[PDB]
Ligand SMILES: [Ca+2]
Ligand SMILES: [Ca+2]
């Protein structure tokens with residue numbers, strides 16, 4: 738579950754360096770909390786440390802690029818099981834509609850700082866909404882989540 | 005990491021990666 742393609746790795750190089758403010762090759766909670774700060778979120782030291790330590794396999798206490806590759810590849814596809822897919826569904830449809838609603842996804846985006854327009858989220862939902870209910874159910878989202 | 009080539013694919017990638025946790029690092 739650590740597979741990335743070369744172009745994929747190249748993008749992660751970029752992303753990694755965007756968070757790695759010191760440009761040293763390891764991301765600290767300082768850097769995370771700062772990118773979060775500019776994003777409009779102030780998580781705790783504990784949240785960020787745990788977040789790191791989860792991917793921190795070498796035990797140095799920071800997120801190295803190999804570990805990031807591991808982390809992302811699991812988030813983008815599988816940790817092992819369908820956890821990642823349902824956790825993503827869970828963060829989109831909190832209200833339990835059984836389907837992800839665009840209006841709610843727009844709301845979570847505002848909360849995530851991604852800041853997407855209604856038309857943007859509408860299009861995202863529309864493609865994921867396979868049966869055409871205007872809302873995407875889990876079975877529809879499972880195909881979409883891995884389509885990155 | 006922009007979204008211009010296909011836009012949807014990149015955004016659906018990036019914004020959804022970020023959604024994975026409250027203090028989610030997509031990096
Ligand atoms: Ca650093
Ligand atoms: Ca490490």
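Protein chains in written order, with this note's numbering: chain L, 738 to 885; chain P, 5 to 31. Note that the Cβ used here is the ideal one computed from N, Cα and C, for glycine as well.
- Contact annotation, residue 825/L with residue 23/P: C-beta distance approximately 6 angstroms; criterion of less than 8 angstroms satisfied.
- Look at residue 804/L: its beta carbon is less than 7 angstroms from one of the heavy atoms in ligand 2.
- Closer than 7 angstroms to some heavy atom of ligand 2: that describes the Cβ of residue 799/L.
- Taking the C-beta atoms as reference points, residue 752/L is found nearer than 8 angstroms to residue 5/P.
- Contact between the segment 804-823 of chain L and the segment 859-869 of chain L is absent: fewer than three C-beta pairs spanning the two stretches fall below 8 angstroms.
- In the three-state reduction of the DSSP assignment, residue 766/L falls in the helix class.
- Sequence-distant Cβ neighbours of residue 794/L in its own chain, meaning closer than 6 angstroms and more than five residues away, are 804.
- Going by beta carbons, residue 865/L and residue 881/L fall inside the 8 angstroms limit.
- Judged by DSSP in its simplified three-state form, residue 867/L adopts coil rather than helix or strand.
- For residue 849/L, the enclosing alpha helix (DSSP H) stretches over residues 839-849.
- In this structure the segment 759-772 of chain L does not lie against the segment 827-844 of chain L, because fewer than three pairs of beta carbons, one per stretch, are closer than 8 angstroms.
- Shown here, residue 801/L sits in a strand according to DSSP, grouped into three states.
- Shown here for residue 757/L: same chain residues with a beta carbon closer than 8 angstroms to its own, the five before and five after excluded, namely 763, 764, 768 in chain order.
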